[PDB]
Structures are given as C-alpha cells and as structure tokens.
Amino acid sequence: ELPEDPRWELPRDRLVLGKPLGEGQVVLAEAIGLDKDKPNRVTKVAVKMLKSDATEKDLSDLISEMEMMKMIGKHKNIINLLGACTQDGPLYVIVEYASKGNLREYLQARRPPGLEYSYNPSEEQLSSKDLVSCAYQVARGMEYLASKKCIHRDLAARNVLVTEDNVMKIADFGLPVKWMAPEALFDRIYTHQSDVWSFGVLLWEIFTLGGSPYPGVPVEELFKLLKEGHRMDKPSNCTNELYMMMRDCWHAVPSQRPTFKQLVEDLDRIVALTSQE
C-alpha cells in the first residue's frame, strides 16, 4: 500500500491510456491538467506500469524508480517524472513522452540507404554537427545526473530517447556487457567513471549511426581482450578528435577518464567548430 504523495498524484480519471510503446510496460497516454495553471489542456505522456504476470519485486523496483526520480529533479536532457497514479488501483508512473523513440533506432532510420556496410532498416540524414549535438546533449544529461550523485549503470543509445523536437533524454537512470567498463565486468564496481566508459561506447554508437559494438567479438572473450588493451576501431565517418575522446573515455585507469563536466566542455567547443556535410 503506497503512501499518498500529493506532490505527484494525478487522479486516474485524468489519464487516457492509448497504445503500447514497448514492454514493466510503457503506454502512450493523454493527461488532462498536469499543470495546475492549465487544467483544460491535454498533454501526451508515457506511462510505466507492471505487466499482468508481475511479482512483488517488480513492484518494489517500480516504486524505487519513481522515488529516485522524485529526488533527482528536472533537466532538459533526462526523461522527467510528471506524475503518478498510486491509490485508486495499479501503479502508474507518468513520464515525458519521446515520440521519435530510442537513439539507436533514430540513428538507424537516418542511415544513407546505399551503404551495403550498414543498411537502413526503416528519414533525412543527420549532418556532422547534428551528430555531435546529439553527443553533447547526452553528455549534458549525464553531467546533471552525476552532479546529483546518480550512477546510471547502463548507459547506451537504447537508453536514450528522442523527442518530437529532437531533444536527447537519458532514460532508465533510476533503476549490456559491451557497454561495461572493465572494472564493472570483473569487480562489479560501478562509478561515475564507469558511466564515462559507457558514454565512450555510446559516442561510437552515434558515429556508426547505431552500429553494434565489438562486431563478431564473443562476450566470453571481451574482458581478456579489453585487459590486453583491445579497443574498438575508429568509425569510418568520425573525426580523429572525436575518436581521441572515445579512447580517453576508455582509459583502463578509471581516475584517468574525463568527467562528464569536461566532456560537456569539449563537446560544446566541437559542436561550434563542426560544419554543411
């Protein structure tokens, strides 16, 4: 029995459940009067709830996700908590809707069709500057979360969502081996520094327009290969400077990786110098 929290509570009648977005389960919905000072406006939102066949660990995880989202607060580049329906029936956690889906899918749909190398499984191509701008927005979100002492633990382009206005939003930050820092694979030590590693894999995903990391490398081998100083090759269409940044994020010594603060400052600069092509 969840306790009431009138900071977040939305009467269930104010919510109109629409179509599934993916499977907890997430469904599109329309929310009437989220804003106290605009009670006759409807907003599109995503609603996370348990599946039919759920347990009581699945519930306690859903509740802890919600509680962490209330603590972390709002930022443009994270999926923000908007509300909750907790009392009059099954738990609904209401969050921002991102109409263009996850980043992996978004980039894939925008591949040039003629690349035998990486087919388009589906939109307008992304310029060089737009791709860098994507990386910058993800780094800003992660900079905010780290400032709030949140360790993501599964940062990847599949865990970034894209809004109607092409805003990148970190998802699932309040709750796979190919994104994990060596020290996370082995010693299960998760830090802001391991999140930086994951961000490097995510940069690589960006500049390969949603490629699969370590292609053809069996998971079983990966720790050994990384300990021996194996890193992914530069993506064909990536500048040497952005590759340097990737490689820095993949420093073996965690203390030697850049912070999200530095990454944001470096990407801010790169975006401004990046072109038309």
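Superpose the two forms; the largest set of C-alphas matching within 1.5 Å is the rigid core. We number the residues from 1 along the sequence you see.
Taking the rigid core as the alignment reference, the C-alpha atoms of 221-229 lie farther on average from the displayed form in 6 other deposited structures of this protein than those of the other stretch among 221-229 and 236-244. Residue 23, present in the displayed chain, goes without coordinates in a third or more of the other PDB entries compared that cover both sides of it. Among other deposited entries of this protein with both flanking residues present, none omit coordinates for residue 207; it is modelled throughout, well short of a third. Per the record, residue 175 and residue 176 are separated by 10 or more deposited residues that have no coordinates. Legend: mean Cα B-factor per stretch from the PDB entry, 29-37 versus 246-254; the higher mean is in 29-37. Higher mean CA B-factor, judged across 78-86 and 108-116 from the recorded values: 108-116. In the PDB entry, a CA B factor belonging to the lowest third of its chain's modelled residues is recorded for residue 96. Residue 210 sits in the lowest third of its chain by CA B factor, as recorded in the PDB entry. Residue 182 sits in the middle third of its chain by CA B factor, as recorded in the PDB entry. Among all modelled residues in this chain, the alpha-carbon of residue 147 has a temperature factor (C-alpha) in the middle third. Ranked within its chain, residue 122 lands in the highest third, by CA B factor from the PDB record.
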